[PDB]
Every structure is written in structure tokens, then in C-alpha cells.
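Chemist: so I pulled this structure from the PDB, and the sequence comes with it:
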Amino acid sequence: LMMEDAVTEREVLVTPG
Amino acid sequence: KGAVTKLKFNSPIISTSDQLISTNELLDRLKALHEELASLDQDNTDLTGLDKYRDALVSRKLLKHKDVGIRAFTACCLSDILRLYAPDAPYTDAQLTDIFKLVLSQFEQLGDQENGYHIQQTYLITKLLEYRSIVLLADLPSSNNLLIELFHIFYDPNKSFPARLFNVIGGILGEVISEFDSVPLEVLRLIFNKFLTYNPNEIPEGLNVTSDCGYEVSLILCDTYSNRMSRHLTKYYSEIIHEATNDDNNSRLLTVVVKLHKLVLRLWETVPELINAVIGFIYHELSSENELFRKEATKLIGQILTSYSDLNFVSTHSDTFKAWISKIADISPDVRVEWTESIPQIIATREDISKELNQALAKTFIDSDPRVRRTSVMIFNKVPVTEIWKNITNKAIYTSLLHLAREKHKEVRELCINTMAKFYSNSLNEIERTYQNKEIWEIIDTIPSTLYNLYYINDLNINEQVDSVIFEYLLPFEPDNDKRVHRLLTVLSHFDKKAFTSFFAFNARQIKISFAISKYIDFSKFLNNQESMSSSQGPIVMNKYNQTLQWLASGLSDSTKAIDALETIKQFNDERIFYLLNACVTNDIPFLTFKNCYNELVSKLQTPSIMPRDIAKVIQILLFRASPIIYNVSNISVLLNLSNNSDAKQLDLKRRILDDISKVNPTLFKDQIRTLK
């Protein structure tokens, strides 16, 4: 199997707070 | 019977009770007799008035006489007897044996220290060859026993033959063996093992004038008498294998075949012609039932291809070389791996193929066992980048390389990444573009875009790895202000939108991470002195620092190493470090000094709960997200228009870049144009 990108172009490398 | 020449010596040689001969009279008589017989001519010579001495020189009183001189002159005489009487072969087989055991004595004494008759023994060996009377040794009932003895003598370590006779000896053994159809195994052991044991170029020294008898001899026998030795060589292999297979010792067989294989490889480097004599068994071994013999067989050919050789393998034995590139489809993985492990050295040492390889590696980079795939990419590491671009060309190789970067399997994926990135940088700082190689370059150019689309999968270990990788090879920290940007653009040149949005996203986090390491030191300096043990914000600031250090550790694979590292730094509470740290994150730092702040900071942390090596590898990857590397004094360089017109693939980047740097933070952007003004 190969892995799938699991975020959006909006929330990429996001950090809350 | 009646000739123009004739024998003139007529003195007795046999000492009886009646008429005795002292030793010294006898030695001088035999000296004369010897000297005379040498000058005779085999044809125009009497021959009849000579039977008197024909019969005399075989008396066991002369053969096994004490004085070495007597035996030595007795031999040199007898050498000429055969020569002259031949082809009639005057003596019977029994005598001939007793004679030929004496000649084996004189040879034996020839490698020893001088008995004062080394000359007489040098005469003996040379003439026995010239007149080929030597080969009379092979028409005897004991010839095998003698043949063995003859060999053991010259191949004896304890003998020191001069380097002049090596040619002669090789001749001697060369002729005598050509007379045998089946040679004893004991002999063949002697001859061939001498390739295994004596390796030249083993010790580096002044002259290597050393040299060896037995070695130089087996070269002579296999080069010159290839035609007859090749028949025997095949018997050796089969017999040896036959011997160890049926050995009670079950595990011997593998050890000897691994030895036989090493014997072969020496021969290809020296007398490659002979390989024919056993190239068969190898072919059958590649298709053996037993995966270990197949494995060893594979290894062997693998070595061969790398070796200097006056001959060329794939040409001579294309029959098997195609069976060898047929092993990339074997059942046993242990075999497939052994095939791939050899490639890097082959490519380095020959350009012969790039077709059967480019057909094979395309199947290797997609095998079902993950072991081989790791072996494949290890090429892009082990062999230099130049050779790679040259030899491998096939599209499918470069695609499958970048493809494994999104593979589930970890050990591949990691090596894959670190490989395809250390490749890209070398693939720009070295190989230039042309009208043709620009074909696969479209793939090498889309590497940095690939690497950035990995953030989107949203793993910690990967995001930590891609972070550690990008700043190592793709975008280094060196060596100048300008070439960083020159290559930075060539990196961004072939980007998709995801690459940009994530590229811009990573940088948008650089400012939010900076505001966190800055407000970390401003909160970590609270234990410098007694501000609030329980005063101003003691009950609410310790819980804003302690709850803010998690915000930076939430993005690290081992967060239980991240919140661990920075509370022992409030334990150090060493200000020197706080200043180097604060100086890297504070934005707008001349790119040069950032390097100096950053380099001392990592070297300082090496060797003072658990190891600080961890703190060094945690801060390093965390800093990569915190400090300004790309958004900095490079702006000044993208400011200066490198080009007045043209390069619409450079200016739309200059925009794209500057177009964003003014939006993420114009705290730094709108000031350089007031200075330019």
C-alpha cells in the first residue's frame, strides 16, 4: 500500500493557540 | 654403427674388490665421461662403442653412491644416454624407474643449498627438457606415483629455486603432464590451490621482488598448456565437489564450493581462457535446487564483471550472463538481494551494459520483498551521481525512486527520502543540461515538489525527517548570499500549487513558531531570579509557560523528548545559550550571522536525565521551523533584478516570492524600499 495525503491546502502545518 | 665421430673415453667406472677406484679418481673420470657425452651428435655418432657405459651407469653402487658429485655426474651422463639412444629407449622400465628416482633426487637438491654441483644439476634439468627425454617418465607402471613426487618437489615451500629456471620447470611439468589423460587429484590440488594461497598485491612494500616458484609455474601450465590443462581442470572441479558432497561432514560442501568459486575468480583475473572449462557447472548452479549454491553462484559472477580482464565476460559467455540477469526473478529473495548488492561496483568499473541493467533494475525497484528495494536505492547513495546519470537512463528507474517516498514501509521510505534529496543537490552542482538529457530532468526537477507534498500526509516522524532533510541538501546554509537564492529559484521552478501553498504554509508557521520561542525565553527567564514563587503571576505564569512549551512539542514525534529538553534548559539557566537561541528566532537576521549563531549552538550542546544528544537533534529540527532562513537578507538579492528582460520563469517567481513575503509579514518588507529610496 501507499499512503494518502490526509489534510487540506488550507490546514497544512497548522498549530492551534 | 660407423660414424664420423666416436667415443674416446675408455677408463673403468665400477669399483670391485679386484680393481678398486678411490672416490676422487672416480669423480674426475665421471666428470670426463659427462663432458664428452655432451659434445656428441645424436646422429653422426658411433653409438656401438658405448654399451660398455650404458650398462655401467645403472649399477646401484653409483645410483645410491654417497658422494653427491658422483650421483650428479652419474645423472648428467645418463641424461645424454637416453638422448643419444632415443628413440630406441635402451633401458627397461624397471631401470628407467630407478633412474628417474635419481633424477628426482637431483631436482630435490637443486632447490637446496649448493652441494658444489648445482651447475651439474642445472645442466641436468635443462637438457632433460631440450631433448625431451624427460617424457619417458610417463610410460611407466608407477608414473602416477612419480608424477606426484615430481610435483611435490618444485611446489615444495622449503626449496629455493632461482628465478632463471622457472621457465624450464614449467616446461618440464608441462610436457610430462601432456602425456597423461587422467592426472591424480593430489597433483591438481597442488597446482590450483597456489592461486588461492599466493595473492600478489596483498602486501604493499618497496619492490615486491619476492616472487614465488609454484605460482609462476601454475601460470605457465595454465597459459601455455591451456589446451591440455583445461581438460584436467574440469576434472578437479567435479572431483572436489564430488568429494565434499559425499563427505560425511554435510556442511563441508558449501565451504569448498565457496573456495572453488574463489579459485575461479583468481583465474579470470589471470588466465580467463580457462573459465570455459567449468563455466558449465556455474550455469547449472545458477539453476540448482539449493538456494545457497545459487546464492554463491550469483555472488561469483557478480565479482567477475568488476574485475580487470584482458578478455570480456558477457561476450565470451553470453550464455550465462543472460542467466545472471535472469536471477532478478529467482524464487529465493536471499538470491535476489545478492544480485543487487553487486551492481554499484559493476557500474563503477564498467560501462559495457546499460541495457540489460536498465531492463532489470526497473523490475528490482518494484519487487515484492522490501529488502531488495532498499538495496536498489542504496545505489543512488553508494555509487557517485555522475556515473548514475551516465549509465542509468531508463525513465522507470527515476519514477519508482520518487514513488517509494509515499510507501507504507518505513525503512525504505526513510532511506528513499534521504537518498532522492542528497541526489538532487549533487544533480545540480555537477551535471549540466543539454538538448537530450533534459528528457529525464523533468523528473529530477520535480523532486523538491514531491518532498513538500509529504507534509500533507501529516505524520510527525516524516514531517521531522523532511524538515531535517530539506535544509541539509536541497536548501543548504552555505556558502554565500547569492547562490542560495539562485538555486532556491531553480527549486521552486517546477512546483505545483500544493507545493507552493505548503511552501508558503511552512513559512507562515515560521513567524508563529518564532513568537513562541521568543515568548519561551521571556517565560524561561522567570527562574533567573525570584520574580514570583507565588507573587505577581506565580500561580498563573508557570501554567502559561508550562502550557506553552507543549504547543511547540505537539508537532514533534517524540513530544516526550521535547517538553523534556527545555525544562533542563531552565535547569541550566545559562544565558549564553538563551542569547544564541533568541538570536536565531528573532526574525530579520543577516543570513551569515544566523549560521554562526546556529553552528556554535549545536556544537556547544555535544558532550557535557538522558543524553543531550537528543536535545541536539530535537532543537535542530525544531529550529528549522522557527528561524528565518528563506525570509531574510535574500530579499535584498531578489530585489536587485538579476535580469533586465527575459527569464519569465524567474520573474514570476520573484513576484510569487516577494508577492508573499509582503503579506505574511510586512514588518520586514516595506523597509528595504525606503532604504533603496
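Modeler: Arrived safely, thanks for sending. Numbers count the residues shown, from 1 in each chain, chains lettered A, B, ... in the order given.

Chemist: tell me, how many residues neighbour residue B:446?
Modeler: 18 (other CB atoms under 10 Å in any protein chain shown). (Each C-beta comes from the backbone N, C-alpha and C, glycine too.)

Chemist: contacting residues for it?
Modeler: Going by CB atoms under 8 Å, 6 or more residues apart in numbering or on different chains, residue B:446 touches B:402, B:494.

Chemist: and residue B:346, how far is that from chain A?
Modeler: 30 Å (CB to the nearest CB, to the nearest Å).

Chemist: name the element that residue belongs to?
Modeler: helix B:343-349 (DSSP states H and E).

Chemist: that helix: which residues count as buried?
Modeler: The neighbour-count check on helix B:343-349 (16 or more other CB atoms under 10 Å in any protein chain shown) flags B:343, B:344, B:346, B:347 as buried.

Chemist: do stretch B:443-457 as well
Modeler: Along stretch B:443-457, these residues count as buried under the neighbour rule (16+ other CB under 10 Å): B:443-456.

Chemist: equivalent analysis for stretch B:637-647, please.
Modeler: With burial defined by 16+ other CB under 10 Å, the residues of stretch B:637-647 counted as buried are B:637, B:638.

Chemist: off-centre distance for it?
Modeler: 49 Å (CA atoms, centre = their mean, to the nearest Å).

Chemist: return the member of the buried residues of stretch B:443-457 nearest to chain A.
Modeler: Nearest to chain A out of those is residue B:456 (CB to the nearest CB; 3.6 Å).

Chemist: wait, the closest one touches residue A:12, no?
Modeler: Yes - counting by CB atoms under 8 Å, residue B:456 does reach residue A:12; the two are 6.0 Å apart.

Chemist: need the residues touching each of those two.
Modeler: Common neighbours of residue B:456 and residue A:12, counting by CB under 8 Å, 6+ apart, are residue B:502.

Chemist: how would you label the closest residue to residue B:654 other than its chain neighbours: helix, strand or coil?
Modeler: Nearest residue to residue B:654, sequence neighbours excluded (CB to CB, 6 or more residues apart in numbering or on different chains): residue B:638, at 5.4 Å. Here residue B:638 is recorded as helix under DSSP: H, G, I helix; E, B strand; the rest coil.

Chemist: was I right to think residue B:638 contacts residue B:484?
Modeler: No - with contact defined as CB under 8 Å, residue B:638 does not reach residue B:484; the gap is 10.8 Å.

Chemist: ok, back up a step: contact partners for the residue nearest to residue B:654?
Modeler: B:485, B:654, B:657, B:658.

Chemist: for the second one, which three-state class applies?
Modeler: Secondary structure assignment for residue B:654 (three-state DSSP): helix.

Chemist: number of residues surrounding it?
Modeler: Neighbours of residue B:654 (other CB under 10 Å): 17.

Chemist: need the contact list for it.
Modeler: Residue B:654 makes contact with B:489, B:638, B:641 under the criterion CB under 8 Å, 6+ apart.

Chemist: tell me which residue is most central in chain A.
Modeler: For chain A, the residue nearest the mean C-alpha position is residue A:7 (2.8 Å; CA atoms, centre = their mean).

Chemist: got a list of what it touches?
Modeler: So residue A:7 contacts B:456, B:457, B:458 (CB under 8 Å, 6+ apart).

Chemist: now, which of those residues sits nearest residue B:285?
Modeler: Lowest distance from residue B:285 to the contacts of residue A:7 (CB to CB) belongs to residue B:457, with 45.6 Å.

Chemist: what about the closest one, distance to residue B:465?
Modeler: 12 Å (CB to CB, to the nearest Å).

Chemist: repeat for residue A:14
Modeler: Residue A:14 is 19 Å from residue B:465, by CB to CB.

Chemist: go on, residue B:61?
Modeler: In terms of CB to CB, residue B:61 sits 92 Å off from residue B:465.

Chemist: tell me the SS of the residue in chain A that chain B sits nearest to?
Modeler: Nearest to chain B, among the residues of chain A, is residue A:5, at 3.6 Å (CB to the nearest CB). Under three-state DSSP, residue A:5 falls in the coil class.

Chemist: burial measure for it, as a count.
Modeler: 16.

Chemist: surely it touches residue B:453?
Modeler: Yes - between residue A:5 and residue B:453 there is a contact under CB under 8 Å: 6.6 Å.

Chemist: quick check: neighbours shared by those two?
Modeler: Common neighbours of residue A:5 and residue B:453 (CB under 8 Å, 6+ apart) do not exist.

Chemist: where's the residue nearest to the centre of chain A relative to residue B:31, distance?
Modeler: As judged by CB to CB, residue A:7 and residue B:31 stand 105 Å apart.

Chemist: so who does the most centrally placed residue in chain B touch?
Modeler: Computing the C-alpha centroid of chain B and ranking residues by CA atoms, centre = their mean puts residue B:345 first, at 6.3 Å. By CB under 8 Å, 6+ apart, the contact set of residue B:345 is residue B:306.

Chemist: spell out which residues of chain A are next to chain B.
Modeler: Residues of chain A lying near chain B by CB under 8 Å from any CB of the partner chain: A:1-7, A:9, A:12-15, A:17.

Chemist: give the PyMOL command for selecting the buried subset of the residues you listed.
Modeler: To isolate the buried members of the residues of chain A next to chain B in PyMOL, using 16+ other CB under 10 Å:
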select buried, chain A and resi 3+5+12+13
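
Chemist: before we move on, the earlier item: a markdown table for the buried residues of helix B:343-349, including distance to residue B:293?
Modeler: Shown next, in a markdown table, are those (distance: CB to CB, whole Å):
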| residue | distance to residue B:293 |
| --- | --- |
| B:343 | 22 |
| B:344 | 24 |
| B:346 | 22 |
| B:347 | 27 |
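
Chemist: and which of the residues you listed is nearest chain A?
Modeler: Using CB to the nearest CB, the buried residues of helix B:343-349 come closest to chain A at residue B:343, 25.1 Å.

Chemist: against residue B:302, how distant is the closest one?
Modeler: Applying CB to CB, the value for residue B:343 to residue B:302 is 8 Å.

Chemist: again, but for residue B:518
Modeler: Using CB to CB, we find residue B:518 at a distance of 57 Å from residue B:302.

Chemist: more neighbours: which of the two?
Modeler: When neighbours are counted by other CB under 10 Å, residue B:302 comes out ahead of the other of residue B:518 and residue B:302, with 19 against 16.

Chemist: ok, the closest residue in space to the more buried one that isn't next to it in sequence - how many residues close by?
Modeler: Nearest residue to residue B:302, sequence neighbours excluded (CB to CB, 6+ apart): residue B:342, at 3.4 Å. For residue B:342, the neighbour count with other CB under 10 Å is 20.

Chemist: surely residue B:342 touches residue B:303?
Modeler: Yes - Residue B:342 is within contact range of residue B:303, at 7.3 Å (criterion: CB under 8 Å).

Chemist: for the stretch 451-600 of chain B, which residues are neighbours of chain A?
Modeler: B:453, B:455-458, B:463, B:497-498, B:501-502, B:505-506, B:508-509, B:512-513, B:551, B:554-555.

Chemist: please pick the buried ones from those.
Modeler: In these, burial by neighbour count holds for B:453, B:455-456, B:458, B:463, B:498, B:501-502, B:505-506, B:508-509, B:513, B:555, counting by 16+ other CB under 10 Å.

Chemist: among those, which one sits closest to residue B:629?
Modeler: For these, the closest approach to residue B:629 (CB to CB) belongs to residue B:506, at 10.7 Å.

Chemist: does anything pack onto the helix or strand where the closest one lies? Which helices or strands?
Modeler: Applying DSSP H and E as the criterion places residue B:506 in helix B:497-524. Using 3 or more CB pairs under 8 Å, 6 or more residues apart in numbering or on different chains; DSSP states H and E, the elements in contact with helix B:497-524 are helix B:447-452, helix B:538-545, helix B:575-585, helix B:612-626, helix B:648-664.

Chemist: distance from the helix holding residue B:346 to the middle of the chain?
Modeler: 9 Å.

Chemist: residues of chain B that sit close to chain A?
Modeler: B:403, B:406-408, B:453, B:455-458, B:463, B:497-498, B:501-502, B:505-506, B:508-509, B:512-513, B:551, B:554-555.
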